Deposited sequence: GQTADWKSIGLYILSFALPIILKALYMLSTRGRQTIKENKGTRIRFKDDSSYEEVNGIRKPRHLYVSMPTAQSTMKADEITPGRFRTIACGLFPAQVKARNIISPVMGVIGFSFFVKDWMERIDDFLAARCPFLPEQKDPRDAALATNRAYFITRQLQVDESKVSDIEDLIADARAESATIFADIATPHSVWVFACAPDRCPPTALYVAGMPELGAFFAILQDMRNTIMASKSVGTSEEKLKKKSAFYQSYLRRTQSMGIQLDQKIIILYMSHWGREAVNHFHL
């Protein structure tokens, strides 16, 4: 795409009660090829006791709808598709995703489960590492200035110039519907925005340094696994994410791969 109005889709989804989102998200991730093929209608209907609305005083059911996959064609900007849903849902409630251990098999088969096992320690070890393309420092007491942490700071400042209203809008609204969003990659749920295998970076994680790239890392693992087992995960993720108005910093992916890829391959499923 490119033309998806995430603010409205983000609002729509944020007007629902957690469990019916959680219900939807779970199904659409771990049985996407399933529920889609068996759904009677131009829409997929999610229902749960937790979502209701009062129609003039009476508690009436409030289902949540996801329009079926239209191969582009009739694609409104505010149309909520399974792909479009999984992508934003994920970025919004990674804590909950974590809590209910929601892992799409698409990510499970590249070891996602083990990867996230000690996430903080992992990301904190990584940020602590010396960064290949920073200079060493004359003053030994200035060694932080050469760490990966330091490179991400320069990245934070870069993406900040490249921000769109629509998505900032969405982060704003997200944050006092108390979405479990986050500002830094070194936080305990961050990696979990990819557990459900979005097709692109979750909009609410798009301006947190290194997050979009973390996605492509997972995408690239997916291609390796496919190579070992003609796939195009990374390309699709690249195109689709960068459509959101941000260029990937090809260097951060390279730092991820080099640090984590040896051990990742050992935990694939083949």
Query - Ranges of the deposited sequence (numbered from 1) for which no C-alpha atom is modelled - result: 230-243
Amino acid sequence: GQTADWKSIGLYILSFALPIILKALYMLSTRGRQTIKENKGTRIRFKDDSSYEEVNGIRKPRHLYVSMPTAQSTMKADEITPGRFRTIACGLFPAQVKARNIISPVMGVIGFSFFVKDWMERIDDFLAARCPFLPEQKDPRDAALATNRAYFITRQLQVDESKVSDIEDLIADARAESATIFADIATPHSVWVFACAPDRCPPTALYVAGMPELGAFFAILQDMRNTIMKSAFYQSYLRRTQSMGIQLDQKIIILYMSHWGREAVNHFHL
From here on, numbers count along this sequence of modelled residues.
Query raised in the report: If you average the CA temperature factors over each stretch, which comes out higher, 172-180 or 112-120?
Result: 172-180
Report summary line: Mean B factor on CA atoms, stretches 68-76 and 147-155, record says higher is 68-76
Requested in this report: By the entry's C-alpha temperature factors, tell me which of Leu248, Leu11, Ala24, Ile254 sits highest.
Outcome: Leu11
Query raised in the report: Out of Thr241, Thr204, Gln222, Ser50, which one has a C-alpha B factor higher than all the others in the entry?
Result: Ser50
Query raised in the report: Is the Cα B-factor recorded for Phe233 in the lowest, middle or highest third of its chain?
Result: lowest
**Report entry** Third of the chain, ranked by Cα B-factor, where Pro140 sits
**Finding:** highest
**Report entry** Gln96 CA temperature factor, ranked by third within the chain
**Finding:** middle
Report task. Among all modelled residues of this chain, ranked by Cα B factor, put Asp160 in the bottom, middle or top third, i.e. lowest, middle or highest. Result -> middle
Report task. Can you work out whether the C-alpha temperature factor of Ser190 puts it in the lowest, middle or highest third of the chain? Result -> lowest
